[PDB]
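**Q** My file is model-v4.pdb. It has PDB, C-alpha atoms and all ligand atoms:
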```pdb
ATOM      1  CA  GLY A   1      -4.382  24.292  12.283  1.00  0.00           C
ATOM      2  CA  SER A   2      -4.405  24.113   8.491  1.00  0.00           C
ATOM      3  CA  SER A   3      -7.479  24.930   6.404  1.00  0.00           C
ATOM      4  CA  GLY A   4      -8.606  25.936   2.927  1.00  0.00           C
ATOM      5  CA  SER A   5     -10.097  23.648   0.289  1.00  0.00           C
ATOM      6  CA  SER A   6     -11.386  26.141  -2.279  1.00  0.00           C
ATOM      7  CA  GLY A   7     -11.815  24.471  -5.656  1.00  0.00           C
ATOM      8  CA  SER A   8     -14.899  22.259  -5.740  1.00  0.00           C
ATOM      9  CA  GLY A   9     -17.806  24.090  -7.345  1.00  0.00           C
ATOM     10  CA  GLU A  10     -21.552  23.542  -7.076  1.00  0.00           C
ATOM     11  CA  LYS A  11     -22.377  20.183  -8.660  1.00  0.00           C
ATOM     12  CA  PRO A  12     -25.758  18.885  -9.902  1.00  0.00           C
ATOM     13  CA  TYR A  13     -25.247  15.667  -7.941  1.00  0.00           C
ATOM     14  CA  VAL A  14     -25.223  16.727  -4.288  1.00  0.00           C
ATOM     15  CA  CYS A  15     -26.023  14.378  -1.407  1.00  0.00           C
ATOM     16  CA  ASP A  16     -28.793  15.247   1.051  1.00  0.00           C
ATOM     17  CA  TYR A  17     -27.851  13.030   3.994  1.00  0.00           C
ATOM     18  CA  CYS A  18     -24.750  15.083   4.789  1.00  0.00           C
ATOM     19  CA  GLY A  19     -24.756  17.670   2.017  1.00  0.00           C
ATOM     20  CA  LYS A  20     -21.751  16.800  -0.135  1.00  0.00           C
ATOM     21  CA  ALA A  21     -21.325  17.952  -3.734  1.00  0.00           C
ATOM     22  CA  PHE A  22     -20.329  15.623  -6.573  1.00  0.00           C
ATOM     23  CA  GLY A  23     -19.753  16.400 -10.239  1.00  0.00           C
ATOM     24  CA  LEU A  24     -20.368  12.845 -11.422  1.00  0.00           C
ATOM     25  CA  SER A  25     -23.187  10.576 -10.248  1.00  0.00           C
ATOM     26  CA  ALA A  26     -20.706   7.746  -9.708  1.00  0.00           C
ATOM     27  CA  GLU A  27     -18.916   9.902  -7.136  1.00  0.00           C
ATOM     28  CA  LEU A  28     -22.226  10.569  -5.384  1.00  0.00           C
ATOM     29  CA  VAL A  29     -23.272   6.912  -5.298  1.00  0.00           C
ATOM     30  CA  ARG A  30     -19.943   5.569  -4.042  1.00  0.00           C
ATOM     31  CA  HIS A  31     -20.108   8.302  -1.399  1.00  0.00           C
ATOM     32  CA  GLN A  32     -23.572   7.441  -0.086  1.00  0.00           C
ATOM     33  CA  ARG A  33     -21.810   4.259   1.023  1.00  0.00           C
ATOM     34  CA  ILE A  34     -20.583   6.063   4.137  1.00  0.00           C
ATOM     35  CA  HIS A  35     -24.266   6.431   5.014  1.00  0.00           C
ATOM     36  CA  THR A  36     -24.994   2.758   4.345  1.00  0.00           C
ATOM     37  CA  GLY A  37     -22.673   0.507   6.324  1.00  0.00           C
ATOM     38  CA  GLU A  38     -23.535  -3.190   6.287  1.00  0.00           C
ATOM     39  CA  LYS A  39     -21.585  -6.445   6.014  1.00  0.00           C
ATOM     40  CA  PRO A  40     -18.229  -4.615   6.190  1.00  0.00           C
ATOM     41  CA  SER A  41     -15.806  -7.162   4.740  1.00  0.00           C
ATOM     42  CA  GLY A  42     -12.463  -5.773   5.865  1.00  0.00           C
ATOM     43  CA  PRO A  43     -11.090  -3.080   8.202  1.00  0.00           C
ATOM     44  CA  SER A  44     -12.145   0.058   6.328  1.00  0.00           C
ATOM     45  CA  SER A  45     -14.211   2.867   7.848  1.00  0.00           C
ATOM     46  CA  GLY A  46     -13.449   6.512   8.564  1.00  0.00           C
TER
HETATM   47 ZN    ZN B 101     -23.743  12.154   2.094  1.00  0.00          ZN
END
```
Go ahead and render the structure in this file as structure tokens.
Ligand SMILES: [Zn+2]
**A**
Amino acid sequence: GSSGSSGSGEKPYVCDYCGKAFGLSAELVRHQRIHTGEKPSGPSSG
């Protein structure tokens, strides 16, 4: 039962769907992907 991920600070680019924080917009966009799943070309989803 491991735990503890202290390091990521409050970022200006935080998602609303789930509520994730991202320092760079790119990180936020690529993330939103998890929320938008369509035409999945290849076994990749978790
Ligand atoms: Zn999200």
**Q** Can you list what the PyMOL selection byres (((not hetatm)) within 7 of (chain B and resi 101)) grabs from this structure, as JSON, numbers by chain?
**A** {"A": [15, 16, 17, 18, 19, 20, 31, 32, 35]}
**Q** Go ahead and compute the interatomic distance for CA of residue 21 in chain A and CA of residue 7 in chain A, in Å to one decimal.
**A**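 Separation of CA of residue 21 in chain A and CA of residue 7 in chain A: 11.7 Å.
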**Q** List the residues matched by the PyMOL selection byres (((chain A and resi 9) around 10) and not hetatm) in the displayed structure as a PyMOL selection string, ordered by chain and then by residue number.
**A** chain A and resi 6-8+10-12+21-23
**Q** For a cut-off of 6 Å around (-23.2, 13.2, -8.3), file coordinates, pick out all residues using all atoms listed in the file and list them as a list in words.
**A** residues 13, 14, 22, 23, 24, 25, 27 and 28 of chain A
**Q** Kindly give the distance, in Å, that separates CA of residue 37 in chain A and CA of residue 5 in chain A, rounded to a single decimal.
**A** 27.0 Å
**Q** What are the centre and edge lengths in Å, to one decimal, of the axis-aligned box around all listed atoms of range 10-21 of chain A with 6 Å added on each side, as JSON?
**A**
```
{"center_x": -25.1, "center_y": 18.3, "center_z": -2.6, "size_x": 19.5, "size_y": 22.5, "size_z": 26.7}
```
